[PDB]
Structure formats: structure tokens, C-alpha cells
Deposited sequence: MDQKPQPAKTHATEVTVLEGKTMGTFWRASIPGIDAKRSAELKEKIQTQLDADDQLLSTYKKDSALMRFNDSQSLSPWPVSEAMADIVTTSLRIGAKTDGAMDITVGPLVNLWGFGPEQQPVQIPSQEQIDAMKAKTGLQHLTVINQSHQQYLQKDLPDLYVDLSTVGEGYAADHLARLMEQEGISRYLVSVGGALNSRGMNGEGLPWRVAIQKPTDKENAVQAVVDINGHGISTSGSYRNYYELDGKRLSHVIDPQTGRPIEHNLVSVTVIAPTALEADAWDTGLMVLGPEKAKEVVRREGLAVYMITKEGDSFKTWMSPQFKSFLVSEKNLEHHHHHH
């Protein structure tokens, strides 16, 4: 039994954690500095709450020509656009202005219920089709065909950050770790007890999965979870209205946390029936919780079940 060192801090409006076994204390001290520095840089790349972030500079710009961005920005957006297509638009990184219209952004509250005409007009300003990624040998770009398109990567940033943290671990010669950024995690190697890192999914008891060599993410709709007296604040990108189905939690295991974090949001928006079709077609490892009145129901794909201990 070797000691597991735990490092923790703040990033992206949430928290990160890194567990590492058998690492001495001057190393884990330095590693925290590097982790926080990297996560600060990722936050500065992606945040919609930082006014001079790379993403916000693009958002504020009125240009319809290619806008230079980093490799990570290009790849995050490519992944998001494609999983958006594969979830029939349900995962939409351009939906922000519809969310703001409702006042359902996390740093805002009171606004009138918008009219459908208002919603439909606002939809003209959103859509996965409006965004393009351009890759070349030493450069890459985003390009929007609408000046007032607004890109929000908050639904995939944790997954990216978690994958980027694993890259950092490798860089620093760390072979065994459990790293998390918000709801996204990557697992590799054995813990202090010589066993796979414990990753639990809540089943209303904890069901345990071994996701060694994989990543995981969960997305939910919680305004109903704890009662249904209220609406979801999850907006369907296609209707511009709150989702109406009973799916309250989706957990995805994938080779990368970014993929998991992209899928879980899309599947959540789709609801049980449509999500299951996507999960079947794409061969995804997914765990779903639905709330019927007062009762909770769960569903796991076969691919998810492979991860159960």
C-alpha cells in the first residue's frame, strides 16, 4: 500500500483534482504549480466569462473571414461540431443566445418568458452550420458566416481540460493517475492499493466502474432531480425551449474525456428514446437516469456494462 497524493484547486468556475500514488512531496508540490498554470491557460483560452479570452475575442469580432486560433481551439470545435451532427443538433455550441434569452445562463436570473416569435427569430442567430474550422501546417482558424454567432464551449471544456491534464502527467513522467476537471475524469493505472482507481456512478447506492485507460463525463438536468414543480433549464437547440422529457442524467465513458463531455450533453438534450438510437448506432458506453414522477429508472448500454467491476 503506497500513499496517494491528492492535489486540488479551482478552474473554469468549478474544481480540479489529481490523485497520484507513490510520488514524493517536492514533486507533487511542483506538479500542482504546473497543473494550475496549465488550467489557468485553458480557462483563458475557452472562458465565456473572461472578457479577453481567446473565445470571447472571436465572439466579439464581426469578421466573417478566418480567425487565427490555437490547435486545441480548432480540435475542440471540430469534435463539438461533429458530435453535434451525430446527435441531430442536440449538442450545439452555438446555442448560447437562446440560453441567454431565457435568462438560464448561470450568471443571470430575471427575464421575461420569451415569446415563440422571439425564440424563432433568435434561432436565426444560431446553428452548427455557421461555424468552420480550418487546419494548415503551422496555423489554424475558426470562421463564422454570421458576425453575431456566439460560441460557448462550457459543455466540453471540462473534458478537454481533463485530457490536457493527462498530457501534462505524461510530460512529467507520471504513469499512474486519476485526474478530474469538474464532471470529467481520466483514469490510468493502479491506485495506492495496487487496484484500478475507484470510479463510482450514483444509482438512485454506488455502482463501480473501472475506466482504466478511458475518460468519463456526466451531464444532467437538476431542477427536477430533487422534487416536477419546475421546468428544466436545459434548452433544446432545435426548439429553443426547455427539454420536456424525463432524462435527468447521462454518463458517458469514452477513450477521451472530451468525447465523453461532448456526447453526454447531446444525449441529455435528446432524451431517452432518441439518445438510445444514437448510443446504439455509434456504439457508445452510456448510463442513463430517468425520473418518472417520484420514481427513478436507469439504463446502461452493453458497452457501458463492460466497464462494471
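- Residues of the deposited sequence lacking C-alpha coordinates, counted from 1, fall in the stretches 1 to 11, 216 to 221, 245 to 246, 329 to 340.
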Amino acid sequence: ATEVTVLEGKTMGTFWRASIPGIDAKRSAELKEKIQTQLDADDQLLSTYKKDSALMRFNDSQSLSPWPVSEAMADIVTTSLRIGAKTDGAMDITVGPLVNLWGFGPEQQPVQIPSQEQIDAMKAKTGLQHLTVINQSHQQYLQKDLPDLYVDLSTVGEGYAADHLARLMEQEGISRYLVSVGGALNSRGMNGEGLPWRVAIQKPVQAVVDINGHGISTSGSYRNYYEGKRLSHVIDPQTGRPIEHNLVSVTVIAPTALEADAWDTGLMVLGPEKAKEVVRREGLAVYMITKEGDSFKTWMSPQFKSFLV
From here on, numbers count along this sequence of modelled residues.
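- Between the stretches 87 to 95 and 144 to 152, it is 144 to 152 that shows the larger average CA temperature factor.
- For the pair 53 to 61 and 266 to 274, the record assigns the higher mean C-alpha temperature factor to 53 to 61.
- Of the candidates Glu259, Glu30, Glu282, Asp42, the PDB record gives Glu30 the highest C-alpha temperature factor.
- Taking the deposited Cα B-factors for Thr48, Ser70, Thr37, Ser249, the highest one is held by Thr48.
- In the deposited entry, the Cα temperature factor of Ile235 sits in the middle third of values across the chain's modelled residues.
- Per-chain ranking of the deposited C-alpha B factor places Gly228 in the highest third.
- Among all modelled residues in this chain, the alpha-carbon of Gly213 has a temperature factor (C-alpha) in the lowest third.
- When all modelled residues of the chain are sorted by CA temperature factor, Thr5 is found within the highest third.
- Ranked by Cα temperature factor within the chain, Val286 sits in the lowest third according to the deposited record.
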